[PDB]
Protein chains: 2
Amino acid sequence: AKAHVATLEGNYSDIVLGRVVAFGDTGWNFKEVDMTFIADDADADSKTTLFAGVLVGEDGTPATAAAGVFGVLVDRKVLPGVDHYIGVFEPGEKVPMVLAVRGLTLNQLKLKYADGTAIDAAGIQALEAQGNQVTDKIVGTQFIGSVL
Amino acid sequence: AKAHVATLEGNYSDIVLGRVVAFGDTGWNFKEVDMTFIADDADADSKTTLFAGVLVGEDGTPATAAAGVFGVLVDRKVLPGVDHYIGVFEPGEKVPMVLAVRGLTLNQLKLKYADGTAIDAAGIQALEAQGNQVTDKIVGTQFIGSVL
């Protein structure tokens, strides 16, 4: 019968590795857009297909091409482990979401197109123009079986 | 504007109202059958359509008419209120279940065909051959509202 198991292996700090803190307004780095949280046709109890770290344009549509990259979805409603919002939204509803745009250090690996596929060089160049530092310098971690 | 909600407004000891307990063996009334828990072609996390009170034949399949009735299903795993069999099975995977056939006092308002149709006259008559009482003498509860 297998087993009922759940796993959580990620945090918010692993996507936005750091900011530039403004003195005039702490919201200088974020923009708010309206997004289709639950697909139009999916049943009310279907979980949302959005996952933290996806690249979304300024019009709320996840990017399937490098050109339509405007920001990284970092809303607190789609972070790893937050599964409560099931059936809480009418299918086809559009709900505001928070995008991070300017003045950030962004992890290369967690950025992903609408369909999970990693981002190319064109995407990196397009996103950097907003003033973000996409980096590959992550130490990582090793577990259990890896001798040290 | 519709919030996450759940309900539990039914339980065991209503589909079956009382037994005749054999002194020699407490398990004379019941019987095991083998049925597919998760639909033969649905998703692993998708919930089963089985609910307590659904009539099944002697081969372990839900009934469709009066002739395909052998007993009721009162298994522990399907009692109204319990739902944590999330992907612990596979599509079409057989699982043992428990029926209720002999020496029982049953409730008409709860018995249902496979699709939920209220039990008909022929189904009642057939299920009485096993020696079970079928009654409508039920004092329904009047909830807050009208005056008592």
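Basis of the calculations
- Residues numbered from 1 in each chain as written, not as in the entry; some residues may be left out.
- Chains lettered and ligands numbered in written order.
- Part of a larger assembly, values for the part shown.
- Heavy atoms only, no water.
- Helix = DSSP H or I, 4+ residues; strand = E, 2+ residues; numbered from the N terminus.
- Buried < 20%, exposed > 50% of the residue type's maximum accessible area, 1.4 Å probe, protein only.
- Contact = heavy atoms within 4.5 Å.
- Areas by Shrake-Rupley, 256 points an atom, 1.4 Å probe, with all protein chains shown as cover.
- Pairing = 2+ DSSP bridges.
- Buried area = accessible area lost by both parts, 1.4 Å probe.
- Salt bridge = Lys/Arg side-chain N within 4 Å of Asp/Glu carboxyl O.
- Polar contact = N/O pair within 3.5 Å; in protein donor to acceptor, adjacent residues only side chain to side chain.
- Nonpolar A, V, L, I, M, F, W, Y, C, P; charged D, E, K, R; others polar.
- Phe/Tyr/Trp six-rings, centres within 6.5 Å; stacked < 30°, edge-to-face > 60°.
- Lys NZ or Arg CZ within 6 Å of the ring centre and 35° of its normal.
- Core = buried A, V, L, I, M, F, W, Y, C linked by side-chain atoms within 4.5 Å.
- Least-squares fit on C-alpha atoms.
- Axes fitted to C-alpha atoms, helices over the stretch in contact; angles between N-to-C directions.
- Arc of directions from axis to C-beta.

Determination of this PDB entry was carried out by cryo-EM to a resolution of 3.6 Å, according to the record.

Undergrad: Please provide a residue-by-residue account of the overall build of chain A, values included.
TA: Along its length, chain A carries one helix and seven strands. Tracing chain A from N to C terminus, the helices and strands come up as β-β-β-β-β-β-α-β. Projecting the C-alpha coordinates of chain A onto the three principal axes gives extents of approximately 45 × 45 × 30 Å. When burial is assessed residue by residue, chain A has 35% of its 148 residues classed as buried. Across chain A, every contact between residues at least 6 apart in sequence was considered, and the portion connecting residues at least 24 apart equals 71%. Here chain A displays about 9200 Å² of accessible surface, and carbon together with sulfur accounts for 54% of that area.

Undergrad: Run through the sheet that holds strand β4 (residues 71-73) of chain A, naming residues and quoting values.
TA: Residue and element names in this part refer to chain A. In space, the four strands of this open sheet follow the order β2-β5-β4-β3, with antiparallel pairing throughout. Each of the sheet's edge strands pairs with one partner strand only, and the pair in question is β2 (30-36) and β3 (55-56). Both β2 and strand β5 (residues 94-100) contribute to a ladder of seven bridges, which runs antiparallel. From the neighbouring strand, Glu32 faces β5, where its bridge partner is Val98.

Undergrad: Lay out the interface of chain A and chain B with the relevant residues and their values.
TA: At the interface, 10 residues of chain A touch seven residues of chain B. Both sides of the chain A and chain B interface together cover about 770 Å² of buried area, and 49% of this is carbon and sulfur. On the chain A side of the interface with chain B, the three residues burying the most area are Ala1(A), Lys2(A) and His4(A), jointly 56% of the side's total. Counting across the interface, chain A meets chain B through one salt bridge. For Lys2(A), the salt bridge goes to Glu90(B), with nearest N and O atoms at 2.9 Å. At the surface where chain A touches chain B, the tally comes to four residue pairs in polar contact. A class-by-class count of the residues in the side of chain A that touches chain B yields five nonpolar, three polar and two charged.

Undergrad: Mind laying out the packing of aromatic side chains, listing which residues take part and the relevant values?
TA: Under the definition given, this model contains three aromatic pairs over all chains. Relative to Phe89(B), the ring of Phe37(B) has its centre 5.3 Å away and its plane inclined at 10°; by these criteria the two rings are stacked. Of this pair, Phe37(B) sits in the loop between β2 (30-36) and β3 (72-73) while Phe89(B) sits in the loop between β3 and β4 (94-100), and the two are 52 residues apart along the sequence. Side by side, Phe37(B) and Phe89(B) carry an identical accessibility label, which is buried. Among the aromatic side chains, those forming a connected cluster through ring pairs are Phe37(B), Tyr85(B) and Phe89(B). Its end group placed over the ring of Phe37(A), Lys77(A) keeps NZ or CZ at 5.7 Å from the ring centre.

Undergrad: Break down the nonpolar core for me, citing the residues and quoting the values.
TA: Here is a general trend for soluble globular proteins: nonpolar side chains tend to be buried in one another's company. With 34 residues, the main nonpolar core has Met35(B), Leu55(B), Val72(B), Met97(B), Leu99(B), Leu106(B) and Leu127(B) as its most contacted residues. At four residues, β4(B) tops the list of elements feeding residues into this core.

Undergrad: Got a sec to walk through the relation of the copies chain A and chain B? Specific residues and values, please.
TA: In the superposition of chain A on chain B (RMSD 0.6 Å, axial shift 0.2 Å), the rotation amounts to 180°. On this basis, the relationship between the two copies can be described by a two-fold rotation axis. For chain A, the minimum C-alpha distance to the rotation axis belongs to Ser46(A) and amounts to 5.1 Å. Take the interface residues of chain A: 70% of them recur as interface residues in chain B, which is what a same-surface contact looks like.

Undergrad: Outline the sheet that holds strand β6 (residues 132-135) of chain B, supporting the account with residue identities and numerical values.
TA: Residue and element names in this part refer to chain B. Reading across the sheet, the three strands line up as β1-β5-β6 and stay open at both edges, with mixed pairing between neighbours. Each edge of the open sheet is held by one strand with a lone partner, namely β1 (16-19) and β6. Ignoring strand direction, the axes of neighbouring strands in this sheet form an average angle of 20°. Here strand β5 (residues 104-107) pairs with β6 via four bridges, running parallel. Bridging across to β6, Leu106 finds its partner in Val134. Helix α1 (residues 121-128) rests against β5 and β6 of the sheet, and its axis sits at about 150° to β6.

Undergrad: For helix α1 (residues 121-128) of chain A, give the residues involved together with the corresponding values.
TA: Residue and element names in this part refer to chain A. Those residues of α1 that fall on the buried side of the exposure criterion are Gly123, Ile124 and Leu127. Across the axial projection of α1, the buried residues extend over an arc of 100°, all falling on one side. Turned more than 90 degrees away from the buried face of α1 sit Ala121 and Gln125, all of them exposed. Residues of α1 that are buried sit in contact with β3, β4, β6 (104-107) and β7 (132-135).

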